[PDB]
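Structural overview for review
One-letter residues, chain by chain:
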Amino acid sequence: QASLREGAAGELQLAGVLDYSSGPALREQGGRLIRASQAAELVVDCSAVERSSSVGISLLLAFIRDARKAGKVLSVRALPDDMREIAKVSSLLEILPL
Amino acid sequence: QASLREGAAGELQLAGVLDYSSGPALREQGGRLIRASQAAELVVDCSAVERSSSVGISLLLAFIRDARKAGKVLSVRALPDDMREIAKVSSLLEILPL
Amino acid sequence: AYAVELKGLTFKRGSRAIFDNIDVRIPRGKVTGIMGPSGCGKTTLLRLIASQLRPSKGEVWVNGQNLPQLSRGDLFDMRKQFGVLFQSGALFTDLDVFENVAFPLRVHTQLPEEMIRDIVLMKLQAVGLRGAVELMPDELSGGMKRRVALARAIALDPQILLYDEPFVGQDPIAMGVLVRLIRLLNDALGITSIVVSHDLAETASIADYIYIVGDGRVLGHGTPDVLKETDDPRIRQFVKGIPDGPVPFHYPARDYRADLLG
Amino acid sequence: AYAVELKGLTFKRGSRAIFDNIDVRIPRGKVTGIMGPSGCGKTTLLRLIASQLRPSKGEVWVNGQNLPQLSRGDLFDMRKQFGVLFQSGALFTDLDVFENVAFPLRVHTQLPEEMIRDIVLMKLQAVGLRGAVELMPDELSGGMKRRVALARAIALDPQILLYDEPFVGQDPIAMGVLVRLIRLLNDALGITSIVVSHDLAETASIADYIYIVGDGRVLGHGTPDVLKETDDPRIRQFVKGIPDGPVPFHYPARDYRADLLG
Amino acid sequence: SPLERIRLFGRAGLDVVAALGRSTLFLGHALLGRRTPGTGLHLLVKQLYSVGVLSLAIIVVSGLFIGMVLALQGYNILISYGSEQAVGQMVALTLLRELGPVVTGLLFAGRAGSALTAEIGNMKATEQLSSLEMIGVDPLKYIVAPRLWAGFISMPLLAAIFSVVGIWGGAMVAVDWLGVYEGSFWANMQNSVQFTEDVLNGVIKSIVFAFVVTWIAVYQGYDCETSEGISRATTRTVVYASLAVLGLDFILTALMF
Amino acid sequence: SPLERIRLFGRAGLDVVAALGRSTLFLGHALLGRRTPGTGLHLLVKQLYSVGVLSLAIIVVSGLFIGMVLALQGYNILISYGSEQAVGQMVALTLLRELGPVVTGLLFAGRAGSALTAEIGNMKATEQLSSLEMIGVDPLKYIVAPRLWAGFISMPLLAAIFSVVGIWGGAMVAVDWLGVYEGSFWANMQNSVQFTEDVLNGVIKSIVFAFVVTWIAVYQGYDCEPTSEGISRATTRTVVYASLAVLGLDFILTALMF
Ligand SMILES: CCCCCCCCCCCCCCCC(=O)OC[C@H](COP(=O)(O)O)OC(=O)CCCCCCCCCCCCCCC
Ligand SMILES: CCCCCCCCCCCCCCCC(=O)OC[C@H](COP(=O)(O)O)OC(=O)CCCCCCCCCCCCCCC
């Protein structure tokens with residue numbers, strides 16, 4: 001359903017539906033195959049994200065737990081308001097930086 | 001403790017505190033002894049009742065079950081306040097002839 | 001002048017300090033209440049003033065002579081003064097409803113088995129359950145299984161009576177009759193009542209001198225409306241919803257960043 | 001449209017007629033609440049919309065298509081749409097808290113074990129009970145043994161989630177935190193919530209379109225205010241105390257004068 | 001952690017040796033404390049109906065089945081010894097000397113060693129017992145003392161009925177389908193049974209783990225916590241009572257072969 | 001009413017066969033229905049620990065006790081005849097073909113015949129067994145199927161362990177407490193048991209109960225009415241019915257092979 005492109009050299013973009021099915025596949029194809037480049041300060045722009053849920057939050061959340069491992073830093077920009085709600089529900093407000 | 005007298009002419013008196021102690025004593029001493037010697041209209045008067053519990057009402061309700069066996073009609077006069085309340089809770093106000 | 005006076009009671013169960021130096025006075029004729037958070041020992045403070053449990057130190061003063069300083073043959077006579085209505089009924093599954101309600105009478109009193117029927121009935125027509133005088137507590141519905149227990153309690157015509165969690169977990173059409181009965185018994189008969197339940201709204205609606213118990217000590221006491229604006233942090237957290245306050249809403253986790261990122 | 005619709009539904013247990021031609025229409029996004037007297041089987045209406053019990057006849061439009069007319073290959077996928085919350089938690093005693101909240105993830109979804117950890121933690125966080133991610137359900141007090149079950153429910157982000165008498169039998173604190181949690185859930189996530197609890201005094205606050213269920217049929221429906229003045233005898237007897245009414249207060253005794261004398 | 005596991009094992013070892021103490025004090029308070037105001041013989045009769053008369057349909061059929069098993073087996077192991085007539089002196093020895101009295105323990109402690117602890121634990125959980133002290137009646141001598149007296153005087157009768165039905169079943173199957181001469185069967189049986197060393201021995205052997213089965217069936221229910229507490233206490237009493245049937249069987253038969 | 005008394009008796013009698021049919025339907029749906037998502041072998045392992053390994057102490061102490069009882073009893077009975085040197089044949093014959101599986105039935109149906117019923121009963125009555133249907137995991141193939149498969153393959157092993165410990169603890173009293181020739185004990189033992197006629201016979205007799213004890217110990221727990229008393233009554237119905245089934249099916253399975 002969703003895809004991960006434009007990475008390994010800068011801004012890494014997201015696709016629309018981050019459901020439970022597209023969870024592990026997107027994670028794997030983004031977890032290392034994109035992050036391991038060590039190119040610059042990665043920006044993950046979730047612009048064209050139509051629908052998502054907590055699986056998407058953990059996806060964005062697993063996205064950083066390896067940057068913390070790989071030394072580089074990344075932050076999310078244009079976080080969609082639905083995932084904004086899913087995060088605001090839990091005490092997670094600034095644990096995910098933006 | 002208790003007492004019971006004034007038979008064969010109505011005006012069936014009753015003494016003070018009627019508890020579990022004075023229950024069966026008065027119950028028997030009025031059940032058959034007094035009841036036999038009686039004539040019609042059987043006025044029972046619990047005037048000098050210092051205090052009484054529901055055993056007192058049961059006793060006053062033991063005078064009705066045998067008056068129906070004895071045939072003599074009966075009614076209760078000078079009913080106290082405590083017995084009044086113990087009756088009002090069980091709503092057997094009409095059950096006791098006044 | 002008060003019905004139940006607790007002079008410096010203290011209770012511990014295996015060095016637990018379930019109650020430390022508590023001193024509560026219950027006013028005669030007034031339907032008081034006691035309550036508190038989950039597990040503050042209200043149930044124990046009940047069995048304590050009823051001499052089902054022995055106070056480690058202190059004394060429960062009831063209607064004059066204090067209970068735990070008497071002979072068995074005397075405390076047994078004092079048992080005529082108070083009954084107890086436990087939630088979930090506490091009905092004797094062996095005996096039918098009639099013998100069930102007559103049980104406290106067949107113990108303290110040797111009365112004619114024809115006179116006991118009158119007391120049972122008049123004490124069951126009051127609580128309403130004069131019909132199923134022959135059913136078994138196994139068959140009584142979960143609702144009326146408690147009103148017959150109340151009938152058993154008000155047998156012997158006690159002077160005080162205790163209520164363990166009466167209006168908790170029942171439809172309002174049954175909690176309605178139960179609270180009406182708890183207020184009627186106090187008003188009509190003029191007998192003390194000690195409601196022990198954490199149904200805040202209802203207890204505050206019925207109780208006269210409500211006390212609150214928390215984690216081993218008396219958390220103040222007074223009339224209901226007074227405790228609604230006492231501003232005691234724990235008490236104002238209790239008597240309102242206000243999920244967070246002195247009692248922590250969160251569990252002692254390690255760190256929201258650590259447990260998630262490491 | 002609507003979340004749950006039961007057009008012309010009924011159900012019986014060995015010719016007992018638990019529900020006869022009943023009908024309920026649940027609005028998506030709002031916290032509807034059904035309730036009724038002791039023994040109307042509200043919980044039985046709960047499990048119907050959850051496809052735990054098969055309806056005798058009717059159809060249950062849950063989030064669109066009806067449930068009892070689906071293959072298991074699609075009903076099992078529709079199970080992802082809704083959770084539940086039974087009182088006393090209904091926690092798996094075999095699994096500690098972490099697996100207890102990860103269980104719905106370890107069934108419908110095949111996610112990397114580390115993603116399950118992040119999801120469960122961010123879920124146990126919202127429900128507060130995050131610290132005891134390694135405790136066992138027997139170690140958890142009855143107050144927090146329910147919030148962890150709620151966390152299990154809200155896993156997978158269900159679009160609707162039922163509640164089986166959540167706030168019944170707990171202090172005003174552990175009930176306040178739970179009602180705050182269901183409020184935060186429905187309001188923020190924008191997910192339906194069907195509070196099936198006979199305790200009206202508390203539900204009337206958190207009810208948007210509260211229903212009533214009794215004697216096996218839909219006993220009116222509306223917002224809490226319009227049911228406080230419903231003018232329906234049985235329903236006005238329910239929504240307030242008023243012990244005696246269409247539901248009796250006494251038992252069908254033969255006669256008081258009969259039993260007392262003869 | 002090893003040290004904490006050893007601490008917990010020592011704690012359990014102190015508990016079990018303290019539980020026996022608490023159980024003995026409870027039995028003492030139950031059997032000869034005082035005369036409670038509400039007691040009588042009607043309680044003993046009622047609990048004798050729940051303990052014994054309801055446990056008749058289990059041990060009678062058990063006696064029948066184990067009797068035909070004992071006969072149909074010994075005859076097979078004796079068909080090669082030539083003494084197929086000693087079957088009588090077997091189904092009246094094994095089913096009397098050891099297996100008949102023991103199986104009545106393993107079974108009475110399953111029907112009335114478990115139902116007893118459930119009925120006397122659910123009482124503690126539904127507040128029944130705690131609501132008995134407020135009425136003034138001693139719960140031990142009203143609720144548990146009739147259980148003890150209905151277990152003491154109904155397990156020996158159960159064992160006697162079990163042995164009688166087992167002997168008769170072994171007869172019925174030894175004569176009908178096995179064709180053994182009924183005359184020689186009953187003859188050898190009546191001859192080599194030695195009342196004073198087998199019948200009374202089985203009876204005292206049954207009284208021992210009657211006193212010890214009803215004791216730990218009643219106590220384990222007077223000392224349980226909740227439905228999960230009772231659902232575990234009934235398993236605990238079934239296990240402890242089967243263990244105290246077999247162990248007391250060994251200890252007693254060692255004192256009198 | 002006497003006529004209504006007979007009505008109630010016939011009602012209970014028909015209820016028994018109705019429940020038996022419901023139980024075999026439940027067993028069918030449990031053993032071979034379908035592979036549910038939550039199912040796995042770890043379930044079987046956990047239950048094998050909850051059913052068998054916890055039931056090892058009871059069955060082993062029982063084996064030792066019942067073995068020394070069997071020996072110390074037969075030695076007395078054989079003393080009068082003079083063939084005491086064959087006591088080893090006796091215990092290995094009774095405690096291996098009749099008293100072994102029967103007592104381990106009466107005992108495995110006591111601990112794991114009541115623990116199982118009370119456990120899955122308390123499951124049913126705390127909605128833990130119903131809340132599994134909402135998640136989609138069929139409870140049969142998750143809650144009871146590992147119980148059934150941990151009763152089928154843990155009662156025969158329990159019976160083998162029980163018979164082994166009973167034989168050894170019979171030797172331990174015939175030899176080092178009553179003084180017979182240990183070599184004679186073991187030798188006369190292994191000449192008159194005929195494995196294919198007694199050992200495998202006892203193993204089959206134990207398997208048949210293993211199937212019929214863990215089936216009426218998990219059904220009676222999946223069928224108890226959901227309360228704190230229905231469960232305390234089911235954990236007695238299951239002990240009664242399982243002891244009765246052990247005894248009856250052992251009678252059958254020994255009349256089928258003497
Ligand atoms: C002719 C002589 C008369 C016979 C006299 C009868 C003796 C009575 C003794 C019975 C002891 C039981 C006390 C009550 C137990 C209780 O309720 O106490 C119950 C507690 C339970 O505590 P928990 O709460 O921790 O589970 O402990 C037990 O479970 C005890 C287990 C009972 C086992 C008894 C077996 C005794 C024989 C052992 C064999 C010895 C081995 C040697 C072999 C080489
Ligand atoms: C001389 C004639 C006398 C002989 C009589 C013969 C008796 C035969 C034995 C009886 C059986 C006892 C069972 C008691 C259970 C009960 O009553 O049943 C009672 C319960 C219902 O009772 P409730 O009312 O509590 O629901 O039913 C069940 O639990 C259902 C399961 C019972 C299983 C029956 C045994 C099945 C046999 C399978 C053998 C094949 C195995 C091979 C597989 C490899």
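Residues numbered from 1 in each chain as written, not as in the entry; some residues may be left out. Chains lettered and ligands numbered in written order. Part of a larger assembly, values for the part shown. Heavy atoms only, no water. Residues with missing side-chain atoms left out of burial classes, pairs and counts.

Things to note about the overall build of chain C
A tally of regular secondary structure across chain C gives 11 helices and 10 strands. Taking 18 Å as the expected radius of gyration for a compact globule of 262 residues, we find that chain C reaches 20 Å, a close match to that expectation. Each of the three principal axes of chain C carries a C-alpha extent, and together these read 75 × 40 × 35 Å. (Helix = DSSP H or I, 4+ residues; strand = E, 2+ residues; numbered from the N terminus. Rg over C-alpha atoms; globule rule 2.2 N^0.38 Å.)

Points about the site of ligand 2
Inspection of the region around ligand 2 gives 16 residues, with F:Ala19, F:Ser23, F:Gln220, F:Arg237 and F:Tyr241 positioned closest. Per-site note: the chains with residues close to ligand 2 are chains E and F. Residue F:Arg237 places a side-chain N or O atom 2.9 Å away from an oxygen atom belonging to ligand 2. Of all the secondary-structure elements, those providing two or more residues to the shell around ligand 2 are α1 (2-32), α11 (195-216), α12 (219-222) and α13 (228-255) of chain F. Among the elements that make up the shell around ligand 2, the one with the highest residue count is α13(F) (six residues). Here the residues of the shell around ligand 2 are counted per class, giving 12 nonpolar, three polar and one charged. (Near = heavy atom within 4 Å. Polar contact = N/O pair within 3.5 Å; in protein donor to acceptor, adjacent residues only side chain to side chain. Nonpolar A, V, L, I, M, F, W, Y, C, P; charged D, E, K, R; others polar.)

Digging into the side chain of F:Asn201
Considering the arrangement of structural elements, one finds F:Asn201 in helix α11. Ignoring anything within four residues of it in the chain, the contact list for F:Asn201 reads F:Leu253, F:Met257 and F:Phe258. (Contact = heavy atoms within 4.5 Å.)

Description of the environment of E:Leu148
Residues and elements named next belong to chain E. Within the secondary structure, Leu148 is located in helix α8 (residues 139-152). Through-space distance from the C-alpha of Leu148 to that of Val51 is 9.8 Å; in sequence the pair is 97 residues apart. With near-sequence residues (within four places) excluded, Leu148 lies in contact with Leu27, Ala30, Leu31, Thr214, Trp215 and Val218.

Observations regarding the interface of chain D and chain F
Between chain D and chain F, the contact holds 21 residues from the first and 18 residues from the second. Approximately 1,800 Å² of surface area, both sides summed, lies buried where chain D meets chain F, with 59% of it carried by carbon and sulfur atoms. Between the two partners, chain D and chain F, sit two salt bridges. For D:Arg79, the salt bridge identified is with F:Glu133, shortest N-O distance 3.4 Å. At the boundary of chain D and chain F, one finds seven residue pairs in polar contact. Looking at the side of chain D that touches chain F, its residues break down into 11 nonpolar, five polar and five charged. (Buried area = accessible area lost by both parts, 1.4 Å probe. Salt bridge = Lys/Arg side-chain N within 4 Å of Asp/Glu carboxyl O.)

A look at the sheet that holds strand β8 (residues 192-196) of chain C
All names here are of chain C. The six strands lie next to each other as β6-β7-β8-β4-β9-β10, forming an open sheet whose pairing is mixed. Of all strands in the sheet, those bounded by a partner on one side alone are β6 (82-86) and β10 (217-222). Neighbour-to-neighbour, the strand axes of the sheet open up by a mean angle of 15°, direction not taken into account. By the bridge criterion, five bridges tie strand β7 (residues 160-164) to β8 in an arrangement that is parallel. Within β8, the position partnered with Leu162 by the bridge is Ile194. Strand contacts of helix α7 (residues 172-189): β4 (31-35), β7 and β8, with the helix running at about 155° to β8, the strand carrying the most contacts. (Pairing = 2+ DSSP bridges. Axes fitted to C-alpha atoms, helices over the stretch in contact; angles between N-to-C directions.)

Structural notes on the site of ligand 1
In the vicinity of ligand 1, 18 residues are found, and the nearest of them are E:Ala19, E:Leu20, E:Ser23, E:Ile216 and E:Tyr240. Residues lining ligand 1 come from chains E and F. E:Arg236 has a polar side-chain atom sitting 3.4 Å from an oxygen atom of ligand 1. For ligand 1, an oxygen atom lies 2.9 Å from a polar atom in the side chain of E:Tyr240. Those elements that place two or more of their residues in the shell around ligand 1 are α1 (2-32), α11 (195-222) and α12 (227-255) of chain E. Along the lines of polarity and charge, the residues of the shell around ligand 1 split into 14 nonpolar, two polar and two charged.

Structural notes on the UniProt feature "transmembrane region" (unreviewed entry) in chain E
Residue and element names in this part refer to chain E. Mapped onto the present numbering, the UniProt feature "transmembrane region" (unreviewed entry) falls at residues 8-28, 48-72, 157-179, 199-218 and 238-257. Helix makes up 84% of residues 48-72 and strand 0%, with an end-to-end C-alpha separation of 34 Å. Annotated as residues 238-257, this span is 90% helix and 0% strand, and its ends, taken at the C-alpha atoms, are 27 Å apart. (UniProt positions renumbered as here; feature names shortened; annotations may be inferred.)

Quick notes on the pattern of salt bridges
Counted under the stated rule, the structure contains 42 salt bridges over all chains. E:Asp223 is paired through a salt bridge with E:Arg22; the nearest N and O atoms lie 3.2 Å apart. Of this pair, E:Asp223 sits in the loop between α11 and α12 while E:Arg22 sits in helix α1; the two residues are 201 residues apart in sequence, bridging distant segments of the chain. Owing to a relative accessible area of 42%, E:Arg22 belongs among the partly exposed residues under this scheme. It is possible to trace a salt-bridge network through shared partners that takes in A:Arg27, A:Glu28, A:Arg32, A:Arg65, D:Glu114 and D:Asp118. (Buried < 20%, exposed > 50% of the residue type's maximum accessible area, 1.4 Å probe, protein only.)

Focus: a nonpolar patch on the surface
Where nonpolar side chains cluster on the molecular surface, the patch consists of E:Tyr49, E:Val53, E:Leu54, E:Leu56 and E:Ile161 and spans about 410 Å² of accessible area. Of note, E:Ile161 is situated in helix α9 (residues 155-175). (Patch = residues over 30% accessible without salt bridge, like charges linked within 9 Å, V, L, I, M, F, W, Y side chains within 5 Å. Areas by Shrake-Rupley, 256 points an atom, 1.4 Å probe, with all protein chains shown as cover.)

Details of the interface of chain C and chain D
Across the boundary between the two partners, chain C contributes 46 residues, which contact 43 residues of chain D. For the side of chain C that touches chain D, the secondary structure elements donating two or more residues are α5 (113-125), α6 (144-153), α7, α10 (233-238) and α11 (258-261) of chain C. In terms of residue count, α7(C) provides more of the side of chain C that touches chain D than any other element does, six residues in total. Per-class residue counts for the side of chain C that touches chain D are 22 nonpolar, 13 polar and 11 charged.

Remarks on the UniProt feature "binding site: Mg(2+)" (unreviewed entry) in chain C
Residues and elements named next belong to chain C. In the UniProt entry, the feature "binding site: Mg(2+)" (unreviewed entry) is given for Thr43. Positionally, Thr43 belongs in helix α1 (residues 42-49). By relative accessible area, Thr43 is classed as partly exposed at 30%.

Regarding the pairing of strand β1 (residues 2-11) of chain D
Residue and element names in this part refer to chain D. Burial within β1 is extensive, with seven of its 10 residues counted as buried. Strand direction decides the pairing type here: β1 and strand β2 (residues 19-27), joined by five bridges, are antiparallel. Counted as the bridge partner of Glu5 is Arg25 from β2. Pairing analysis gives five bridges linking β1 to strand β3 (residues 57-62), with the strands arranged antiparallel. Residue pairing across strands places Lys7 opposite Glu59, the latter belonging to β3.

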